[PDB]
Amino acid sequence: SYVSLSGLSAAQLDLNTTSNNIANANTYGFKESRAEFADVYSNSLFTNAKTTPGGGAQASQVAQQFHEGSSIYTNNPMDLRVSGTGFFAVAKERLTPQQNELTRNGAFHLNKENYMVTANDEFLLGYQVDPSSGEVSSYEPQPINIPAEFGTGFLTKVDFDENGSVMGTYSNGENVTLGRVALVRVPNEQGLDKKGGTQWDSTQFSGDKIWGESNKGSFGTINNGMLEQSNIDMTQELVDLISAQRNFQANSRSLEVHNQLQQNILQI
Amino acid sequence: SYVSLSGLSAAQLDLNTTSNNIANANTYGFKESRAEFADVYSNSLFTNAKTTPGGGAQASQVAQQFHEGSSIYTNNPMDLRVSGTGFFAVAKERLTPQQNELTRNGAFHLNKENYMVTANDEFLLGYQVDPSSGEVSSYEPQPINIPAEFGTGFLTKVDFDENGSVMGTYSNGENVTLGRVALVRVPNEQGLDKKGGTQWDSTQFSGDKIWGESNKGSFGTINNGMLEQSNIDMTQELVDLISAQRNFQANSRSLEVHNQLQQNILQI
Amino acid sequence: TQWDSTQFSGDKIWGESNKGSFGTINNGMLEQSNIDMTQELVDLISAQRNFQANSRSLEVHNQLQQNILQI
Amino acid sequence: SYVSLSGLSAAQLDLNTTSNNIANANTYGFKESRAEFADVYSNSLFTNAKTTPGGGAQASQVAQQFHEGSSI
Amino acid sequence: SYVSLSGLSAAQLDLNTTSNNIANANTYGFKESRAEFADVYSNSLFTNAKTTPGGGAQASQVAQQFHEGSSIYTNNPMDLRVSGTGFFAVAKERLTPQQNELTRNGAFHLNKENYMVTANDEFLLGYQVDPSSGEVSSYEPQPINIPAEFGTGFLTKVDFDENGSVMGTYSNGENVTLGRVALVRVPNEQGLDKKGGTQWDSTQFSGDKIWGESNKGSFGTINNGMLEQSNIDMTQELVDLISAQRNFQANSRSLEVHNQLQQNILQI
Amino acid sequence: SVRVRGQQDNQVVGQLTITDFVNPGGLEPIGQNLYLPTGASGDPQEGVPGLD
């Protein structure tokens, strides 16, 4: 009965993983999960080795498949998307930018301080470039501020180039580079531990955060006016839902038979 | 079953947001909404970090997208529209103009007191300019009054220039500047709370009110004889209506498959 | 129908008419729109048959998810 | 369905640009606009591009064709 | 069920390939794609080599059919089309012209520095020819610059001959050859990896880029005032939409019979 | 093989080798989808996949 119960648990875990995927069919930046299973084989010194029935089916690991999701077009300059490999840097507290998390959705806006923040009132981090200089001067990430008045002149339009630099043109016709969004990548994306709100944090199995610019090195490009939807396929999840239901019923039938064996002996 | 029910709630929330936009396809000054969702991956000290599948989908922010709406032409000098960034200042009580709310529709007219009021008998606020002076003398917003007689001479026509100044010509041919409409702006329009009748009020997350003139600094211009329709797109809303239905049906299919699992074990 | 200088448009070059690369100025004449009515009407036709086809593709995908949803 | 919706949005933007040109058939000094579109191809480290289709169509830029107009 | 699932996966890919083709019906320089499928079959040493089904359908490769697309006439001298075989060389950064990509759409213009650039603000590469010399002197591609003042004389008209040379006449009546657009060819166009925005790059399977002039050797001609539309056929793609849907429904019917057959034994 | 940005050709990073057994049924399963060669399994024979 313990072999069948392990089979029931494995299938039920598969249903919950699929149900989690289907539930997030609209959440931006979602990365689907895939349930992985392993085998059980326990043998002793005093156990016969030729006949080795399995111990069931063990849950190996719930994966976090990180393939690129499709893009939805909003025509909003503050909505951003990473086309390629890389994550946005988001800090919960403005004062400390080291306590930051990685995210893939780019639904950003400005708060009362004109800091580029996410939907959760968390601050997006970027590199500090001088208005006259070119590439990043100081590589330490800081929150991105789009001043209302620079001069003077008042902020009118904000646009992002393929290099991630946020550029603000003002009423005096002075275009000033306010910085570029910092892009973060890890050697092992699947090793990241999952927080809430479609955000990840660096772990021991996910390597160290690699701070870099967009469209540089191994990093992808940054596109404004776009968002990343879930990377799930409705057709795949629904069929997977069918297969695990068939698998669950077969394992429960095995559990039913094993019980009727014990009932049969109990009537001798 | 809770993960599937979270998907149904998220899918139906997207329906309500879309249905609200479609219903308001004709209201003046309406700003469409976008329902944004986030993931739920909660954990504890005693839960495996390897074999837990997700908690569903969580609603984040039902935003209010503030892109400019299309303009209709009515050839009515009392109908106004803000071309650019800026809101109209509207006070419910004439005596107290500090208790005011922001609006985007300019369906204005004169009451029995010859005050420029909205459709809800709420007074429009403007700056007081001397008949001989130029710019605003006192920046305190006061209700706009167009006297029947000034001198005498009787009011004949009213027109608004790009600076928002209301000019009323009288029988004696005396052109007098009776004021200019006040324009209000906030750093974070997404943070504004929604009152009834396409009207907003300032919040702590939306910053403080910025009082200024039209076509000055970051403020847009004011056009008379025009009104703003809803900033929605019917084709986009009908497509999102379809996509939200499949996002609901799939979640109910996931909900259906889990009640059949429980029924299967209930018959052993 | 008015333009202003930007970063991508360079800086304004001030000069006289019929001097250097600048054109002449004619009084008593006005410039109409540079559109072609027949060209726009044909482009109207092409855009409608390119929106119908894309809506047809959107229908077949939807129909296919409904097919799986009834197994 | 997002690839199909990309085509719908691209086709609708072309229609809007054409409608803008027709509406300004009598405005003086108007310069016509032309909608330009591009492709979408997003691939990551973990996707096998050998057999993966496109992402739809995207807008390059709505242009501002500056050819000389007729004189009245 | 896995052979049935292979058919659903194969048919859905055919749907996505056709959907992407239809979506790019107006994008300039697009090359259509075709989905090619192969058989699956594997037999073990311990499996009967006669009485065993096959493994389903596996996608072979999504081709990139490079047949010439139709031409649209715009009467704009900066719009270029390659009639025949050849690609335009486009570099992202002006300083480094080695980092270049291939393209087919010819929507070019001049930036503030009067370099001939694409819509993505990327520099077209061309050969450097002396004003008095004839054929190309140095074969290394460089961004094409059209100086506003040459002498002096101011830029008046720019035209391109069948050789692709850019010729600028000036106020002093001096006809000067400013260079010719570089044309790039590959022995295997099918092996080119597809970047964003209808642009390709050289890979290991596509050989090495062959640099040459237009109307020379195997290269095609360069025509100004013309562009290339998509090379797709609306009638063919719409028919393929039906066939791929009929192929999908039959595979889901095959998948339904198997689920039904595991339920049948489950109730014995 | 992997692709490096700004560089053509596939930089080879390694070579995978698979092992075959005369009698795969003699392998001792130790769980986690892993097998250990036993006497009945036979001597493991290695090589490049697709060949030999």
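Numbers attached to residues count from 1 within each chain as its sequence is written and can disagree with those in the entry; no residue without coordinates is shown. Both sets of labels track the order of writing: A upward for chains, 1 upward for ligands. Part of a larger assembly is what these chains represent; accordingly, every value refers to the shown part. The basis for the side-chain values is all heavy atoms of the structure; hydrogens and waters are excluded.

Regarding how it was determined, this PDB entry cites cryo-EM in its header, along with a resolution of 3.04 Å.

Looking at the PDB entry, one finds chain F named Flagellar basal-body rod protein FlgG and attributed to Vibrio alginolyticus. For this entry, the PDB title field holds "Cryo-EM structure of the rod-export apparatus with partial hook within the polar flagellar motor".

As recorded in the PDB entry, chain C goes by the name Flagellar hook protein FlgE, listed as coming from Vibrio alginolyticus.

Secondary structure summary: chain F contains zero helices and four strands in total. Listed by position from the N terminus, the elements making up chain F come as β-β-β-β. As defined in this context, the radius of gyration uses C-alpha atoms, and a globule is described by 2.2 Å times the residue total to the power 0.38. Scaling as 2.2 N^0.38, a compact globule of 52 residues should have a C-alpha radius of gyration of about 10 Å, whereas chain F reaches 17 Å, well beyond that. In terms of principal-axis extent, the alpha carbons of chain F reach across some 50 × 25 × 10 Å. Per-residue burial for chain F yields a buried fraction of 13% across its 52 residues. Taking as baseline every contact in chain F between residues at least 6 positions apart, the subset at least 24 positions apart corresponds to 31%. Each helix corresponds to a stretch of at least 4 residues labelled H or I by DSSP, and each strand to a stretch of at least 2 residues labelled E; elements are numbered beginning at the N terminus. Burial classes: relative accessible area under 20% of the type maximum marks a residue as buried, over 50% as exposed, and values in between as partly exposed (1.4 Å probe, protein chains only). Contact criterion: two residues are considered in contact whenever any of their non-hydrogen atoms come within 4.5 Å of each other.

We define a salt bridge as a contact between a side-chain nitrogen of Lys or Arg and a carboxyl oxygen of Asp or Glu at a distance within 4 Å. Counted under the stated rule, the structure contains 48 salt bridges over all chains. Of the charged contacts, one joins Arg34(B) and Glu36(B) as a salt bridge, the two residues approaching to 2.9 Å between their closest N and O atoms. A relative accessible area of 13% places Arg34(B) in the buried class. Here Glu228(E) ties to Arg104(E) by a salt bridge, and the two come within 2.6 Å at their closest N and O atoms. Note on accessibility: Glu228(E) and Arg104(E) belong to one class, buried. Three or more residues are tied together by salt bridges with common partners; here these are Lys31(A), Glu68(A), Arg81(A), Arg104(A) and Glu228(A).

The next point concerns the relation of the copies chain B and chain A. Between copies, superposition follows a least-squares criterion applied to the C-alpha atoms. Take chain B, turn it by 37°, move it 20 Å along the axis, and it overlays chain A with an RMSD of 0.3 Å. Counting the interface residues of chain B, we find that no more than 5% of their copies in chain A are interface residues as well, pointing to two distinct contact surfaces.

Glancing now at the interface of chain D and chain C. At the interface, 30 residues of chain D touch 24 residues of chain C. Two parts placed together each lose some accessible area under a 1.4 Å probe, and adding up what both lose gives the buried area. Between chain D and chain C, the buried area comes to about 2600 Å², and carbon and sulfur atoms account for 58% of it. For the pair chain D and chain C, the number of links is one salt bridge. Residues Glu31(C) and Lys31(D) are paired through a salt bridge, measuring 3.8 Å at the closest nitrogen-oxygen approach. N or O atoms closer than or at 3.5 Å make up a polar contact, with two conditions inside protein: a donor-capable atom paired with an acceptor-capable one, and, for residues adjacent in sequence, both atoms drawn from side chains. Summed over the shared surface of chain D and chain C, the number is 13 residue pairs in polar contact. Note on residue categories: nonpolar means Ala, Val, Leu, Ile, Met, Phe, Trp, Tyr, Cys or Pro, charged means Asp, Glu, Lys or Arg, and polar means any other residue, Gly included. Tallied by class, residues from the side of chain D that touches chain C come to nine nonpolar, 17 polar and four charged.

To count toward a patch, a residue needs a relative accessible area above 30% and no salt bridge. Like charges then connect within 9 Å, nonpolar side chains (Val, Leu, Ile, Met, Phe, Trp, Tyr) within 5 Å. All accessible-area figures derive from a Shrake-Rupley calculation using a 1.4 Å probe, and residue coverage is judged against the displayed protein chains alone. Judged by side-chain polarity, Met37(C), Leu41(C), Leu44(C) and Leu15(D) come together as a nonpolar surface patch covering roughly 310 Å² of accessible area. Broken down by element, the residue count for the nonpolar patch peaks at three residues, all from helix α1 (residues 37–68) of chain C. Along the chain, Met37(C) falls in helix α1.

Bringing the side chain of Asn54(C) into the picture now. Take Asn54(C): it is sitting in helix α1. A polar side-chain atom of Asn54(C) sits 2.6 Å from the main-chain carbonyl oxygen of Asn50(C). With near-sequence residues (within four places) excluded, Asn54(C) lies in contact with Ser4(D), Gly7(D), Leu8(D), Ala11(D), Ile22(E) and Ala23(E).

Counting residues at the interface gives 43 residues for chain B and 49 residues for chain A. Note on chain B versus chain A: buried area summed over both sides is about 3800 Å², and carbon and sulfur give 57% of it. Where chain B touches chain A, the interface holds one salt bridge. In this structure, the salt-bridge partner of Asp79(A) is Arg34(B), at a minimum N-O distance of 2.7 Å. Our enumeration of links across chain B and chain A arrives at eleven residue pairs in polar contact. Going through the elements one at a time, α1 (2–23), β1 (33–39), β2 (57–64) and α2 (234–265) of chain B are the ones with two or more residues in the side of chain B that touches chain A. Here the side of chain B that touches chain A gets twelve residues from one element, more than from any other, and that element is α2(B). Of the residues that constitute the side of chain B that touches chain A, the class distribution is 14 nonpolar, 22 polar and seven charged.

Take the packing of helix α1 (residues 2–23) of chain A against α2(B) next. Angles run from 0 to 180 degrees between N-to-C directions of axes, and those axes are lines fitted to C-alpha atoms, restricted for helices to the stretch in contact. Where α1(A) meets α2(B), the axes come as close as 9 Å, and the angle between the chain directions of the two elements is 160°. Classed by the angle they form, the pair α1(A) and α2(B) counts as roughly antiparallel. Here α1(A) runs over α2(B); the crossing is left-handed. Only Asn247(B), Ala250(B), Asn251(B), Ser254(B), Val257(B), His258(B) and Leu261(B) of α2(B) make contact with α1(A), whose side of the interface consists of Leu15(A), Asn16(A), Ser19(A), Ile22(A) and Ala23(A). Residues that form the contact of α1(A) with α2(B) fall into these classes: six nonpolar, six polar and no charged. Any angle between 65 and 115 degrees counts as roughly perpendicular, while under 35 counts as roughly parallel, over 145 as roughly antiparallel, and the rest as oblique. The handedness criterion is simple: a crossing whose near helix is rotated anticlockwise from the far helix by less than a right angle is left-handed, and one whose near helix is rotated clockwise is right-handed.

Put simply, buried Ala, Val, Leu, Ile, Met, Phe, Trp, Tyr and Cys residues joined by side-chain atoms within 4.5 Å make one nonpolar core. Core analysis: the largest hydrophobic core is formed by 22 residues, its most contacted members being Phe88(A), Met116(A), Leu124(A), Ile146(A), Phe160(A) and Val181(A). At the level of elements, β4 (79–83), β5 (87–91), β13 (153–160), β14 (165–170) and β15 (175–181) of chain A are the ones that each hand at least two residues to this core. Setting aside residues up to four positions removed in sequence, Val181(A) forms contacts with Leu80(A), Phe88(A), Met116(A), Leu124(A), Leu125(A), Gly126(A), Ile144(A), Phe160(A), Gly164(A) and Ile222(A). Core analysis: the next-biggest nonpolar cluster, separate from the first, contains 21 residues, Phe30(A), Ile232(A), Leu69(C) and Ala11(E) among them.

Aromatic pairing here means that ring centres of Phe, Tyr or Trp (its six-membered ring) are within 6.5 Å. Orientation follows from the plane angle: under 30 degrees is stacked, over 60 is edge-to-face, and everything else is tilted. A full pass over the atoms with the stated rule returns 22 aromatic pairs over all chains. For the pair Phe87(A) and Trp200(A), a centre-to-centre distance of 5.3 Å together with 65° between the ring planes defines the contact as edge-to-face. On the basis of an interplanar angle of 20° and a centroid distance of 5.7 Å, the ring pair of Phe150(E) and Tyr170(E) is categorised as stacked. Judged by its relative accessible area of 31%, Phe150(E) falls in the partly exposed class. On the basis of relative accessible area, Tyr170(E) is assigned to the buried category, the value being 4%. Members of the aromatic cluster, joined through ring pairs, are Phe66(A), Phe87(A) and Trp200(A). Whether a charge sits over a ring comes down to the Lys NZ or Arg CZ being within 6 Å of the ring centre and within 35 degrees of the ring normal. Over the ring of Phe87(A) we find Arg104(A), and its NZ or CZ is 5.6 Å from the ring centre.

Contacts are most numerous, across the eleven pairs of chains in contact, for chains A and B. Structurally, chain B and chain E remain out of contact, their C-alpha atoms never closer than 11 Å. These two, chain D and chain F, are apart from each other, with no contact and a minimum C-alpha gap of 9 Å.

Turning our attention to the sheet that holds strand β20 (residues 221–224) of chain A. With antiparallel pairing, the three strands of this open sheet are ordered in space as β7-β4-β20 (chain A). Each end of this open sheet is capped by a strand with a single partner; those strands are β7 (106–107) and β20 of chain A. Here a strand pair is declared whenever DSSP counts at least two bridges between the two strands.

What follows is about the sheet that holds strand β7 (residues 106–107) of chain B. Residue and element names in this part refer to chain B. Strand order in the open sheet formed by three strands is β7-β4-β19, and the pairing between neighbours is antiparallel. Each having just a single partner strand, β7 and β19 (221–224) make up the two edges of the open sheet. Where strand β4 (residues 79–83) and β19 come together, four bridges link them in antiparallel fashion. Looking at β19, one finds that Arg 81 is bridged to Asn 223.

This brings us to unusual backbone geometry. One non-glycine residue, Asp121(E), lies in positive phi territory at about 55°. Here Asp121(E) shows up in the loop between β8 (116–117) and β9 (123–128).

Structurally, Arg81(A) can be placed in strand β4. In this structure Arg81(A) comes out as buried when scored by relative accessible area, which is 2%. A distance of 3.1 Å separates a polar side-chain atom of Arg81(A) from the backbone oxygen of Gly69(A). Here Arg81(A) is in contact with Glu68(A), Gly69(A), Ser70(A), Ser71(A), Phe88(A), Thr221(A), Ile222(A), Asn223(A), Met226(A), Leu227(A), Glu228(A) and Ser42(D), once residues within four sequence places are set aside.

This next bit is on helix α1 (residues 2–23) of chain D. Here a helix's expected span is defined as the number of its residues, less one, multiplied by 1.5 Å. In this model α1(D) runs 31 Å from its N-terminal to its C-terminal C-alpha over 22 residues, within 8% of the 32 Å that 1.5 Å per residue would give. Where α1(D) is buried, its residues contact β3 (71–73) of chain A, α2 of chain B, α1 of chain C, β1 (35–39) and β2 (57–62) of chain D together with α1 (2–23) of chain E.

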